[PDB]
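Take a look at this single chain in structure tokens; it is the form solved without the named molecule.
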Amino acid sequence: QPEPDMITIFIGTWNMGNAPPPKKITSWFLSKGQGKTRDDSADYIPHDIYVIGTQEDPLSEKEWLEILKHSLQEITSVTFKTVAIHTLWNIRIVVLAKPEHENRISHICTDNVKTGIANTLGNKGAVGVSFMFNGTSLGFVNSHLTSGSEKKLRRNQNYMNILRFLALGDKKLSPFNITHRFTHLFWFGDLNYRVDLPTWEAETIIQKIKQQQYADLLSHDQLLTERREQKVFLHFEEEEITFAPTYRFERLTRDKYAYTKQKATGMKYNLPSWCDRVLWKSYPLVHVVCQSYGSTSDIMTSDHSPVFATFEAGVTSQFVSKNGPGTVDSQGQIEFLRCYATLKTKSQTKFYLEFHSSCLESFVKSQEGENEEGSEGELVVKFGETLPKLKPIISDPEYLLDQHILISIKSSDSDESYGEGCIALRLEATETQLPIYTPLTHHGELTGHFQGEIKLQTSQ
């Protein structure tokens, strides 16, 4: 049986509004309803991995797992295996996989982050799961961020606390947060960003939704505008939204949005909004294609509608040569030429690099770079041709061209990372000097850039 080079992944997010689900929720897993929906001809074809995020989930883990497994069994006639389940308060993530994948999946991690302090600590935060699927690392985050139209900045803060403190993936990747630890990272949930239009315009917004005219609403969606201004989710993707706002509905129908202020809402308006979202970030030049992104129309127990997204995701096999794992393949090398980092920092420490990659036996520390002043104020750290030649464990080009090098630029004084980025080895040529580039981030914010040339030697 050949190892796959592509899998499909289902992502669901549903704020259940503290209510039990209805008896049938199959439309969710079938990507049926509004938006970018899945073809009927695919209904019986199981996805490889199903990742279900709930918020305001009133069920026990056992109760929800029985519902999910029953649902998938009905659709696919396959009995899925539980990879992981993790709950923080009423925020939950379940990962299910086809049984043929059970011995492809390893290094399963779970974690949670509680957001806020005192007043604001006790119900918002995130849960996450990571694992390896053969040679590919996969990470999944379900977050329930702060509510309320006038709290976008708090949501942005919640995002940065989650990506800083969620401890998933390979702990040896110490300089890297979750936004660099995975080949594919999916981040979804009740992100709680709202359509920022005046309260007076509620009925106008409703009219627009009934006409399926979302353009003038999406131009005011706080998540799209904050992302465009680089305030949140830097270097993440989201499919175009083509489904109606998923919040706030009257329960037991989808005919009415319940937007007016009530004691139950703390006297806050809930104008129709796209609270419920799926975003992703994959390493450069890895295959990832969104094949559905929408909301169900027939699941009406909550004041939110479920959201689905599905993806094709490239995966690689667990490579064994005669040499690596457990020795180098002298036929292989990575040379970083004429490299320099441009940093936004005002500090004047010396810097060194660390190169991390599962194609290396362990991470590689460079010598300190040479600091110069950029013409527009910046720090430029030059490494010249001084950088250590990296010796991958396997030289086979079918393996090496699919790998990535994580780079951290660290202060000599403090050993703290000032910036993190990633370089693909999916080059246009081997044994050839080629330009490379990554932005550098720290705590998910832009801190600089790294650029130069690479020369990759494989066994071919």
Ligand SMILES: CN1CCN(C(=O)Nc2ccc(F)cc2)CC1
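The first residue of the shown sequence is 1; numbering continues from there.
Colleague: Is the mean CA B factor in the deposited entry higher across 311-319 or across 294-302?
Modeller: Mean C-alpha B-factor is greater for 311-319.
Colleague: Do the C-alpha atoms of 41-49 or of 405-413 have the higher average B factor in the entry?
Modeller: Per the PDB entry, the higher value belongs to 405-413.
Colleague: Which of these, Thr179, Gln213, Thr110, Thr345, has its C-alpha atom at the highest B-factor, as the entry lists it?
Modeller: So the option with the highest C-alpha B-factor is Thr345.
Colleague: Please work out which residue in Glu63, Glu420, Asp57, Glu398 has the highest C-alpha B-factor recorded for this crystal structure.
Modeller: If I rank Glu63, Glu420, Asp57, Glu398 by C-alpha B-factor, first place goes to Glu398.
Colleague: C-alpha B factor of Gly452, ranked within the chain: lowest, middle or highest third?
Modeller: Highest third of the chain for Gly452's C-alpha B-factor.
Colleague: How does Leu166 rank on Cα B-factor within its chain, lowest, middle or highest third?
Modeller: Its C-alpha B-factor, which the entry lists for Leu166, ranks in the middle third among residues of this chain.
Colleague: Ranked by Cα temperature factor within the chain, is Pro245 in the lowest third, the middle third or the highest third?
Modeller: It belongs to the lowest third of the chain when residues are ordered by C-alpha B-factor.
Colleague: Using the temperature factors of the C-alpha atoms in this entry, rank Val195 within its chain: lowest, middle or highest third.
Modeller: For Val195, the deposited C-alpha B-factor lands in the middle third.
Colleague: Lowest, middle or highest third: where is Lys391 by Cα B-factor in its chain?
Modeller: Its C-alpha B-factor, which the entry lists for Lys391, ranks in the highest third among residues of this chain.
Below, we turn to the form deposited with the named molecule bound, even though it does not appear here.
Colleague: Would the named molecule, positioned as it is in the bound PDB entry and superimposed via the C-alphas around its site, fit into this form without 3 or more of its atoms falling within 2.4 Å of the backbone or C-beta atoms? Open or blocked?
Modeller: By the 2.4 Å criterion, open.
Colleague: Give a yes/no on whether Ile108 approaches the named molecule to within 4.5 Å in the bound PDB entry, heavy atoms considered.
Modeller: Taking the distances in the bound PDB entry, the answer for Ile108 is yes, it comes within 4.5 Å of the named molecule.
Colleague: Using heavy atoms and a 4.5 Å limit, would one call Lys81 a contact residue for the named molecule in the bound PDB entry?
Modeller: The answer is yes: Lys81 has a heavy atom within 4.5 Å of the named molecule.
Colleague: So in the bound PDB entry, is the named molecule close enough to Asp255 to count as touching (4.5 Å, heavy atoms)?
Modeller: The answer is no: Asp255 has no heavy atom within 4.5 Å of the named molecule.
Colleague: Looking in the bound PDB entry, any heavy atom of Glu150 within 4.5 Å of the named molecule?
Modeller: It does not: once the named molecule is placed as it appears in the bound PDB entry, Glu150 has no heavy atom within 4.5 Å of it.
Colleague: Looking at 81-89, 141-149, 305-313, 196-204, which lies within 4.5 angstroms of the named molecule in the bound PDB entry, counting heavy atoms?
Modeller: Among the candidates, contact is made by 81-89.
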